[PDB]
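What follows is a single chain, given as structure tokens, in the form deposited in one PDB entry.
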């Protein structure tokens, strides 16, 4: 039975269809089997669903399923948003295919300093949904794929990662990388002395 999550929309009729058909309403994207929405948006729920490779479907999926009397396959209902695909420069279908082949952040260990925006806990949810490790405190040693997402306010606290050669990165490394399902840390390095 599906555990359906909604994002960027309000659809009481859709929620009712999920339950009527035997499914349940997902508490979060990490728990969801399907995400229902109307557009591509950079939200914790959308980015987590995409990172996990679950179906991201239109609101018509549930309404047509209710008419059928059972959950229909996802294929004919994938969210299509050429406009936002143009705004962001990526293909949702291609990004999902990538997520379905591999977790984007497999092997990555990421510490997000306290002052970063968006909020560290939201960044960690996204990191975890992409198979990475959200670190509890600043690292003390170098390791490949171990990085620190930080910000100007926190540069004063970055002497240890700089000492050991850990990259200081922009939060967009995560947001843009997860949206496109393409991790390019070298392209988001911050300049702490500027």
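Positions refer to the first chain, counted from 1.
Just so it is clear, the following notes concern the form solved in complex with a partner chain, a form of the same protein that is not shown.
Asker: Okay, which stretch from 37-45, 161-169, 57-65, 148-156 lines the partner chain in the entry with it bound, with non-hydrogen atoms inside 4.5 Å?
Answerer: Going by heavy atoms within 4.5 Å, the stretch is 37-45.
Asker: With the partner chain left out of view, which of 80, 117, 91, 97 would have a heavy atom within 4.5 Å of it in the entry with it bound?
Answerer: Flagged contact: 117.
Asker: Can residue 175 be called a contact residue for the partner chain in the entry with it bound at 4.5 Å between heavy atoms?
Answerer: The answer is yes: residue 175 has a heavy atom within 4.5 Å of the partner chain.
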